[PDB]
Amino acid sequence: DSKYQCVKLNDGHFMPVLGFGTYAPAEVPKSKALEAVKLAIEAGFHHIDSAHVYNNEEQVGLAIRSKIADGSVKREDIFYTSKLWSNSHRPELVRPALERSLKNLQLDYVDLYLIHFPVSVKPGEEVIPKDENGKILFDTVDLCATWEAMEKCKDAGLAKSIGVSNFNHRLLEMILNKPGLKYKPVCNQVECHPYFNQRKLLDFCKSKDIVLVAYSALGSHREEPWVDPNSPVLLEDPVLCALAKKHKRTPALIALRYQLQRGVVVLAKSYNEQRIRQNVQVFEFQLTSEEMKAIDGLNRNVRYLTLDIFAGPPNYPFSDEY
């Protein structure tokens, strides 16, 4: 209980292998993230994933400090992730954005800070800046300079570990090859589930001792207009539903356990007390090789989150094969 399952990252820190997702669609009020994160900690989640752009870090920070102050957990046993939004990729703005997140959290450091998405937009107060014709104002930024600035955040102790999200093979290579590289990314957080299992990019990341962290592992929030409402619903999949019945679990738990067995650190968002608790059952059963092969067979090239609002610049990550 005072113990939990973690993986060693390439900088020597440890990451719990089940993480709590905190993004909620625009219609959901704030008090909701506060209570959900408390419940998550209560249930046994020790890894909590957020971002500046989720507009919840005040509530998330409060939940974590509340659970430390009530004695449920110590700060050392919470692994909190934040992410740098694309209007702060300029290296002059990286540390201020991190300090801005720490101030909202009222925490002294994050355990992990990520580059949220590799397409940069113009700096300023708008998170999606637009021109007088409604066109997104993209910015030309060298992400190797952004990386340098993230490395100095780790040196300052403001982020214990640094990594990336939504990077493809070419963009990881660009960082791993950077002149004067000090710290590799510990992770690449990307969409990953049995309809899009990312085996090629997963193998690339394993070959470089980068951990792949899976978001939308339950099929995503399905929030319009980010996700099309006619994409297939992952947790309705017949093979997952059959395995869940066989195991007396649930399709979600099957989807979660698949990732754990393939060496993926898996996130799961739920703001529902029963499902938050149910998701921790991932550690209570195992899948056989034939079950794991049946789930591998489900891959169908369904990307829920294409984020094509950001397509056009060379750093848009999803037009490459991987």
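C-alpha atoms forming the largest set that superposes within 1.5 Å between two forms make up the rigid core. When you see a residue number, it is the position in the sequence shown, counting from 1.
Asker: After a core fit, does 217-225 or 121-129 show the bigger CA gap to the shown form in 8 other deposited structures of this protein?
Answerer: After the core superposition, the stretch with higher RMS deviation in 8 other deposited structures of this protein is 121-129.
Asker: C-alpha RMS from this form in 8 other deposited structures of this protein, rigid core superposed: larger for 134-142 or 79-87?
Answerer: Relative to the shown form, the greater RMS C-alpha distance in 8 other deposited structures of this protein belongs to 134-142.
Asker: On mean Cα temperature factor in this entry, is 53-61 or 255-263 the higher one?
Answerer: So the stretch with the higher mean C-alpha B-factor is 53-61.
Asker: On mean C-alpha B-factor from the PDB entry, just flag whether 21-29 or 305-313 is the higher one.
Answerer: It is 21-29.
Asker: Per the entry, which of 208, 200, 193, 116 tops the list for Cα B factor?
Answerer: Of 208, 200, 193, 116, 208 has the highest C-alpha B-factor.
Asker: When you compare the CA B-factors of 94, 171, 136, 102 as listed in the entry, which one comes out on top?
Answerer: Largest recorded C-alpha B-factor: 136.
Asker: Lowest, middle or highest third: which one holds residue 34 when the chain's residues are ordered by CA B-factor from the entry?
Answerer: According to the entry, residue 34 has a C-alpha B-factor in the chain's highest third.
Asker: Relative to the other modelled residues in the chain, which third contains the C-alpha temperature factor of residue 235: lowest, middle or highest?
Answerer: According to the entry, residue 235 has a C-alpha B-factor in the chain's middle third.
Asker: Residue 269's Cα B-factor: lowest, middle or highest third of the chain?
Answerer: According to the entry, residue 269 has a C-alpha B-factor in the chain's lowest third.
Asker: Of the three thirds of its chain by CA temperature factor, lowest, middle or highest, which one includes residue 125?
Answerer: Highest third.
Asker: Per the entry's values, where does residue 244 land by CA temperature factor relative to the rest of its chain, in the lowest, middle or highest third?
Answerer: Highest third.
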